[PDB]
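Asks: Here it is, the structure, as structure tokens.
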Amino acid sequence: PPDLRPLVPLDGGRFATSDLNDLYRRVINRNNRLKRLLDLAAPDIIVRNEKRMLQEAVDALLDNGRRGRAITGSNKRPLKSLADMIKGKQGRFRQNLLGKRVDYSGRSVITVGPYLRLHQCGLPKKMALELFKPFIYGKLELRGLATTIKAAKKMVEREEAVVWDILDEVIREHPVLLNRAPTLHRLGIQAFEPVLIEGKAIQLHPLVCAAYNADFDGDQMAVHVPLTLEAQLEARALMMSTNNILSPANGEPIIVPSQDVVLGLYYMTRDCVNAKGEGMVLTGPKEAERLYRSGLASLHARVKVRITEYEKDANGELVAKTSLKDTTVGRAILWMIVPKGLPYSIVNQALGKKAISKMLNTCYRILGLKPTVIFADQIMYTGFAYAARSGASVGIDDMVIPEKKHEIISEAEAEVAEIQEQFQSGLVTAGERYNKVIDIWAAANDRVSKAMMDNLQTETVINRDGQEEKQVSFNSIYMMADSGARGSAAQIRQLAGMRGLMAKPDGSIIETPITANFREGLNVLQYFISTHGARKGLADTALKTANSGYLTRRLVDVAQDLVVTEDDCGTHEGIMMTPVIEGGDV
Amino acid sequence: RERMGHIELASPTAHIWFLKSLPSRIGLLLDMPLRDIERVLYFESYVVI
Amino acid sequence: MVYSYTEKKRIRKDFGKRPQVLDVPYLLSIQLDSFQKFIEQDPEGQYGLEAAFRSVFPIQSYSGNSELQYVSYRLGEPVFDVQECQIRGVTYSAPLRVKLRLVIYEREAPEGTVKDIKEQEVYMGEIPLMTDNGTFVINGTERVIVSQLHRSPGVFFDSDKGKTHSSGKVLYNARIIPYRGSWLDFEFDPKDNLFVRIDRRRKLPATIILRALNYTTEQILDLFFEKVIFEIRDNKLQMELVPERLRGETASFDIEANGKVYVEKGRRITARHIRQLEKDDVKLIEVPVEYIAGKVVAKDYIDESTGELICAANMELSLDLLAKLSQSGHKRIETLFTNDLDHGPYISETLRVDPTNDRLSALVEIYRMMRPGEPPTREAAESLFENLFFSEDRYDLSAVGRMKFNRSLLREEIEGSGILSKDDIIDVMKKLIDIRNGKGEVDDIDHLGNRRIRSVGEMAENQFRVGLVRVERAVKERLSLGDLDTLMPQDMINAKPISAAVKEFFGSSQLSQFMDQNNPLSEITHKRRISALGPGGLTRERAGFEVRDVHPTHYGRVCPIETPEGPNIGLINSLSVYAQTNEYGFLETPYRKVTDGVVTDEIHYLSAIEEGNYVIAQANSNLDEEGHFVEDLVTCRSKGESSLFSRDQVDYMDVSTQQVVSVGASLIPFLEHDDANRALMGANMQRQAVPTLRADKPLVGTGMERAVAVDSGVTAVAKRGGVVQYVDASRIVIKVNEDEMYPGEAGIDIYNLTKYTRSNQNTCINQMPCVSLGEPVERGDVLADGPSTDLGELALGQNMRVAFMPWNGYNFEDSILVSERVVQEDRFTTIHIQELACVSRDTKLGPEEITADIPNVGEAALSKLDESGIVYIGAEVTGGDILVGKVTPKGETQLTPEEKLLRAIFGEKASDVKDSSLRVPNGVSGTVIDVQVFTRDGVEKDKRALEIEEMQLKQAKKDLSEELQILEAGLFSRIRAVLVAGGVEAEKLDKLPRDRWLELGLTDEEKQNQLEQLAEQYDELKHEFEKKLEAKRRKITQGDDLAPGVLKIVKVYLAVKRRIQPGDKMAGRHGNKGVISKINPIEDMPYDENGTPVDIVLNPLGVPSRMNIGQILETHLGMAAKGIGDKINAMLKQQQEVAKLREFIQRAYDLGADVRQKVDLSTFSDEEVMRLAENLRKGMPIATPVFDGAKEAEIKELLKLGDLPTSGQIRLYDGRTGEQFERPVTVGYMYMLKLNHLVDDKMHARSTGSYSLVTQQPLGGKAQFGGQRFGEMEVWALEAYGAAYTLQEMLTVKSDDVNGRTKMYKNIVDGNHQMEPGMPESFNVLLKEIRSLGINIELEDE
DNA sequence: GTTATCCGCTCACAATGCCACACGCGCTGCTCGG
DNA sequence: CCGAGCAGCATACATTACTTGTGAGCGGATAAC
Ligand SMILES: [Mg+2]
């Protein structure tokens, strides 16, 4: 049909000739010329060649692929044949049928907005006023504030002081869909309730942004508004954030407090041996909270607090056992958030990151779901609050260097020097010499790492009512690490301690390692080798993204049929599941 | 957007899909090697019937 | 003392101990040099235009004895000016003419010509010149052509490491690539058969090509083996022996000679006995005749009389045939040396598989192979093979490539022919066969010794030669058919193809592209950028994980840290700071020559291989101020690796620490304290910076800022020193000193500072003048800061007072919380300028007019315009308003001339109106600041056009009038001096004005001649300036080229003071990006005990994971700088004596341990010290080189200079509560950029609107008001949940089923959220497409 | 020799998603035209 | 006499261009009766 190959115009009369019309013109021209030749006595070889040419043109029209090409004038590129309008990433299938553009949506850049509840999500006034426009017209027609639709359009155009109240009304429960650009798995699209905000950013809860695999490096997110009643209720019942709290892959919880709260809680649950307020008795958690806010007791000092941890002896009951436990002020303050369930032992510990995941898991296990989401939101709030109140801050003098690193490195240097001399003295083959060198270098690296760790994690040697006591460090770094807040000890030792060995482009390992570290300087060669490694990693990522995309696309198109229909097939054949044993441990 | 047209071709012509889509439909339908079929389609051979 | 007048204003305190020996070269040294070797009349014919000319010329007829040739060429100066070309929308072309001489050898006669025609200066198109900044002002925009790194032409031998046949039988192929021709190669089949291949054809057993060069089997076998002789003596066939031959492998019998036994009848002769045989000097060995089994004979032996051949050339040998042949002779049986390890039998196998036998059969075989189905004659195949190579025109080895080849085969003569040669081919074959054996070695491709860069001039002349050979063919055929002697060499050639080729190259190239002109650093790094894509270069699809990785030879020749992250890593590369292209085209890097023990300050440039030869020291090798390493086992790099070496082993030191990184990375303070993985993103973010309102120096710089600012274009740098005569906000007028001036040109030169002007990224550019009035200036000093530049220093972001601490999660993941104080001071508000062009066609239905009246719209929509129909300059328009102002002939086909006569006079211009008027797009607001109007000549004029042309005329006239004023001042000084030295005129020439001077009279005799001179030159000058004013006025109000049916392009500009807001994207200089999250009120930000707040509060949890501690170090040093500034502010609040402030500043400048710079603070005027201090009021700018950064101890000492804590951490206070954060937090002054990923370019939504016409779906794109795209993975997610209804409505009723979606609209405005879905018209489109094919697809009935 | 067998030869056929921006989009000497 | 439309033109040629990874049909060498 003509309309499906439209001759699209330009500002004047420069109509952009869609290549389909070009191919059709070529073919019909061959046909007309060939008929005229057939009428004029048909010189045999001439008509022969002409039928050949017409066959060629028709073949090109059905598919420009085979038989050479049919290039347009002066534009060295093949023409979109009919098949070219069906196959490929631009063919109708992968371009318009399977995934079609939506007219009823929008996108923006996402900020944090760490105040909203777990199901809420920020939304700019501009975006909501543009999206929900038909709902606004409907509401205005209801209240009669604009009898005609064009009057309502004018009113929205002017944004009268009533349209904002109307909009706030029309979305009071109306859900909305938020989506990330690469939607790798099911959680890439979730349902929230919007809350009107200013600016143009799209706030979203930090937990779900850890679920979206969404940083705040400027990553954009798309919005969508389910308009039919079925879709609204469907988003509310299925894809609302308070429903997706476990990955469909693993039965692990996807809502994991990632950082900046694990730091907060971890700081709130520690113990300085001699901190202001140590040695008191508290009539309850609220008492400790008041004692702290008034600036009389440290946020973490050992005290004796009375606590009423509830329990479920029989299925349904909630007994109370008012105990007097030795704890710290911080843990007691945090206890004001556990919802009448979990015993005190879930908090009394140092409460790192894995401990937080464990606490959330056991809360979802005991209490159900709703108190668990409220509890997770309260955790997030208090974590940010006391993190800010802590003022955790990394300075240059925070990362320390062990006073043996210089000595250890000089000793390993003497070792490698005498080994190399031995080689040039003809006492060891070059290959085994390389091996010995890399071995002593790795040994010295482990030595430096262990020394740095043992000097950093316990440098805090304080005294109480007397001489001296050791304790786990209070250094900002390694507080961002022991708590699992951000970065592992492997990265710490790569920062303060020796950077260790590095890898050649091929995969081999350079003899001389990066004896230096990030706090100290790095010579040009050391930086060059580190660059080798880093560019290897980046190229690997830049290729693996596309490769994994193609892989998952192939996957989803071989299992897209499976739907669980039968309730019990009634068979007896399964597999013999047994714990895997690679030869070593299970 | 809907109505289609037709072109009364002045002479029959092959359909490039069923000729060059391995395995070629015409080839298997005729027990003839594809090379000869291509050489006779494009007018550079003959075929006795 | 060495600091220029610019430096003396604000001299940056410099750390770093390494004494720099070589100043950073002119950053753009590549580009200009390139175009230089393309544009100068090189008399050597080596490169440039001359190269292409002498390659294609001299043309001739069809051997018709009529030749064309060029004598020389020339380039007339461009018709326009770079500013005029850039504003008018026309290329900065330059005419190219050449002296064409045509000889006509009349026939019949020998070499000689009576018919010569010498047509000089034929106009073969114009070529776009390169401005003095390396760009190319093409029509409208400003392109930049990146240099392309690619495989050097020549030869190399790749291993093909076992990836085929899964056999571990690695088959070493060897290829030869020309510069212009068809490359060639050889392969080892897994059957050890050489196979020759043209570029990509059917494989051919290599030896065939040997016969293709007059080579019989005899010569072929001779040139590839060692003749083991067999001399039939009185008995036993004592062949000549060389011990290493039989060293070889397993032996078979006793090898007795000269009576004695030297090796028993055993196996695998031990090296001991072989050495013993070497001692004994055996020349011949008695061997049994049965031993000769394989041993294929080389020499072709015949019988003495039977005519036939009893022993062919390389057939075989066998005892039966040997006893059959030896009944004629023999006395010399020359056989081949075979061995499975060395001298391997790899040619014999080929000659076996070789089907042909004769040279002509070789020609016919190659001829059939080249293009099958053609009648092979002798002449056809012979000429085909003599055109494949051995032809100056159809082939060339690019003497650089000849050098690469000629060296890769260990030959001595660097110079050589640019054409293949049989000896070269057989030498390549011998090298490859050696590669199959032990000796020799393959060579990787990523080694810079094989990858050469190709600059702009080289590619330009390549495209020029390409466009030239086709006009050569055309002129040859036209000379053939055309008359011999009637013509003039000006029409047989057409400039059309030359112009077309060169213009399509410079305009639409895979390489050329509009300049990344949104930042000085971005501009530079985009000019000196090295790419691997493009014509003749690989593509990102087939790139391979191998090429992208940095090769150990990249050190100093190409930056390893700056490269775009994503699909093309390592393909795009930034060329190193000190790097420099070679004469041939390689990347040579400077190096300090080391003598025996002393380290000289002399430098040599080295390519990849030359460096690979020597052992290179390191810049961090601390010297002893006399050429001596204070250490002994100094680190070094010898052969693509790092190792220790003694003091008397090095041969070349690095020139300076900075040479490893690019100019991009060079702007990163404390870079060596950062992970490379972070420094990459840091550099890339630094590129995308955006200029602000009040640009300002970065407190912690790397010294490179002055060089990158002055070497770029954005700054208006003075040409000749002198006095600043007149400075305004837009113009500068300098009076040069008496030394650097000419006879004329009284001395004033003017700089027109380009005010707010669009850029290729729609960000503002502007050159505010930095110098004051009357202040003397020297040569090459910055007179006007460009966009994001301060006093000649690259200054992109702002020095923000930042602090590292979590703040209630408002910086949870990587976000950034700022203070409203940042918004109030407009520290980040940028300016965005965008253009809108409205065209005025000439439809055959009727012309296009830009009248003020519009047939339909009300008064408001026509209030902004003028009487002509264009908005005034200043109307704050908003999305929807009317800029112009245009109407079109709408109607057609009435054909009632009784009404046409009515509306030809009574409705002459009120017949077919239509308001196709340019409206500002919906959403973009702002202010109109400028209106350009390009009117096609012939089309008369418009009032606004006349006004703007008059204004431009006045502006131009002002310059010439001011020059005329200064010339008249000098001339009347001359007159008065003449009319005072006699007469005498005492109280006349002071009271009497210029009215009666040119007609007075001193004594006639000679003073009247003086009056003649100095009063006739007066009006001669007057007439001359009138002439040049007329010329300028002509240039202003002349025609404009607007080719395809267009009359008036009206371009309007729009400016927006784009403020900052929660949602923009800001980053430091270490890849610590982040979205700004909240404009927190000033009374809530954390604040120091001194009441000062903190502008930005970052997130500390971003440092320990992305291990880039540098920023923190920087931040510390930041709080140092401001510290000093604060102290200086004290000395400036109270009017402290200049001596005391000078003493304090002097103490500040010499605080480092051993710094390279030693400023004195003496010899500075007691007032210049005051200007300096005032420029330091906001903090002492600090220079820390890249790899010579200040150690932490120096930072501690600098903080001790101020009154700030050494820990760099201060007890803060929460502005909300009022209680202090425990654990004193880090706070300093870090530099912070702003990137053009600002939120106002992303946030947009779509309720309804337009739709694509071919498929009834909503459009895609912010500009087209389209909606987001629900993609494959989105659908898979949506259906992963049981969201059936949601997916269904999102498929049909949202995007398609036009009736269904209109029903949904009409039903949802009526408070009913039920959908009536259907069939998406996209699916019907698919149906119609398939049905348009022969396939029949239907919808089943039920 | 032939009949089935197998191994290297050549060709078809795939390459993540979005977003944004930019640029361009035949011609040309024969043909219709005064 | 050149300006304004047109019809079928890889510009006529040697254009051209390293590996991409994998499957699959195919044609020349190969074992057996
Ligand atoms: Mg991101």
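Residue numbers (the numbering used here), protein chains in the order written: chain A, 92 to 677; chain B, 6 to 54; chain C, 2 to 1343.
The C-beta atom is built at its ideal place from N, Cα and C for all residues, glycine as well.
1) Checking 9 Å against the spacing of the C-beta atoms, do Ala1068(C) and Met686(C) come in under that value?
2) Return the residue from the list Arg529(C), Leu1102(C), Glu1339(C), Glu505(C) that minimises the CA-CA distance to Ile454(C).
3) Which residues neighbour ligand 1 when neighbourhood means a C-beta less than 6 Å away from any of its non-hydrogen atoms? List them by chain order.
4) Just verifying my parser: in three-state terms, what is the DSSP assignment at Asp159(C)?
5) For a contact meaning CB atoms closer than 8 Å, what does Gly164(A) contact in chain C?
6) What residues from chain C crowd round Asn270(A), counting only those whose CB sits closer than 7 Å?
7) Counting only the same chain and skipping the five closest in sequence on each side, list residues whose C-beta sits under 6 Å from that of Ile434(C).
8) Buried or exposed for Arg8(B), please, with buried defined as at least 16 other CB atoms from any protein chain shown within 10 angstroms of its CB.
9) Pull out every residue of the stretch 124–136 of chain A whose Cβ sits closer than 7 Å to any Cβ of chain B, in chain order.
10) Nearest-angstrom Cα distance between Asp255(C) and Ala272(C)?
11) Could you tell me how far apart the beta carbons of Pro1094(C) and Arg822(C) are, in whole angstroms, since I believe they sit closer than 8 Å?
12) Between the Cα of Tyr358(A) and the Cα atoms of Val464(A), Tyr477(A), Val677(A), which residue gives the shortest distance?
13) Whose C-alpha, out of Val149(A), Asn614(A), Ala534(A), is nearest the C-alpha of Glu13(B)?
14) Should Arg203(C) be flagged as near chain B, meaning a C-beta pair shorter than 9 Å?
15) Cutting at 6 Å between CB atoms, please list the residues of its own chain near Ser713(C), excluding the five before and the five after it.
16) Determine the closest residue to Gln933(C) out of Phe58(C), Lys944(C), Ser926(C), with distance taken between C-alpha atoms.
17) Verify whether the separation of the beta carbon atoms of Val600(C) and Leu572(C) is less than 9 Å.
18) Span of the alpha helix (DSSP H) holding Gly939(C)?
19) In chain order, what residues of the stretch 150–181 of chain A put their CB closer than 7 Å to some CB of chain B?
20) With distances taken from CA atoms, which of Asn194(C), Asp200(C), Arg201(C) is nearest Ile209(C)?
21) Which residues does DSSP pair with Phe805(C) in a beta bridge?
22) Whole angstroms are fine: how far does the CA of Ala853(C) sit from the CA of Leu863(C)?
23) Which runs of the beta strand (DSSP E) fall wholly inside the stretch 191–221 of chain C and span at least 3 residues, in chain order?
24) Taking DSSP as the reference, what is the three-state secondary structure of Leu1162(C)?
25) For residue 744(A) and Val203(A), I'd like the C-alpha separation in whole angstroms.
Replies: The relevant details are as follows:
1) The count along the third sequence starts at 1 and reaches residue 1068(C) at position 1067. The count along the third sequence starts at 1 and reaches residue 686(C) at position 685. Cβ atoms of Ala1068(C) and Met686(C): closer than 9 Å.
2) Here the question's residue 454(C) lines up with position 453 in the third sequence. Considering only alpha carbons, the answer is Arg529(C).
3) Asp306(A), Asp308(A), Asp310(A)
4) Translated into positions along the third sequence, residue 159(C) becomes position 158. Strand at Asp159(C).
5) Here residue 164(A) is taken as the residue at index 73 of the first sequence, counted from 1. The contacting residues do not exist; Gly164(A) stays about 13 Å from chain C at best.
6) Walking along the first sequence from the start, residue 270(A) turns up at place 179. Those are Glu1275, listed as they occur along chain C.
7) Numbered from 1 along the third sequence, position 433 holds the residue referred to as residue 434(C). Taken in chain order, the residues that qualify are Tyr347.
8) By one-based count along the second sequence, residue 8(B) stands at place 3. With fewer than 16 Cβ atoms within 10 Å of its Cβ, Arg8(B) is classed as exposed.
9) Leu125, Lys126, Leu129
10) Working through the third sequence from its first residue, we reach residue 255(C) at position 254. Working through the third sequence from its first residue, we reach residue 272(C) at position 271. The alpha-carbon atoms of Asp255(C) and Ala272(C) are separated by roughly 16 Å.
11) Your numbering for residue 1094(C) matches position 1093 in the third sequence. Your numbering for residue 822(C) matches position 821 in the third sequence. Sure, about 7 Å apart at Cβ, within 8 Å.
12) Position 267 of the first sequence, counted from the first residue, corresponds to residue 358(A). Per the Cα distances, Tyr477(A).
13) Locating residue 13(B) in the second sequence gives position 8, counting from the first residue. The shortest C-alpha separation from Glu13(B) is found at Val149(A).
14) For the purposes of this step, residue 203(C) is taken as residue 202 along the third sequence, with counting starting at 1. Cβ-Cβ to chain B under 9 Å: no for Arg203(C).
15) Here residue 713(C) refers to the residue found at position 712 when the third sequence is read from its first residue. Closer than 6 Å at Cβ, skipping near neighbours: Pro521, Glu524, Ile525.
16) In the third sequence, residue 933(C) corresponds to position 932, counting from 1. The candidate whose alpha carbon is nearest that of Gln933(C) is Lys944(C).
17) On the third sequence, position 599 is the one that residue 600(C) refers to. On the third sequence, position 571 is the one that residue 572(C) refers to. No. Outside cutoff.
18) The residue given as residue 939(C) occupies position 938 in the third sequence. Note, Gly939(C): premise wrong, no alpha helix (DSSP H); not H, not E.
19) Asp150, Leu153, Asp154, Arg157
20) By 1-based counting over the third sequence, the position of residue 209(C) is 208. Per the Cα distances, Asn194(C).
21) To locate residue 805(C), count along the third sequence from 1; it is residue 804. Looking at the DSSP assignment, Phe805(C) forms a beta bridge with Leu1099(C), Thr1227(C).
22) Taking the third sequence and counting its residues from 1, one reaches residue 863(C) at position 862. Taking the third sequence and counting its residues from 1, one reaches residue 853(C) at position 852. Their backbone Cα atoms lie some 8 Å apart in a straight line.
23) 195–199
24) If you number the third sequence from 1, residue 1162(C) lands on position 1161. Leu1162(C) falls in the coil class under three-state DSSP.
25) Outside the shown range of chain A (92 to 677) lies residue 744(A), about which nothing can therefore be said.
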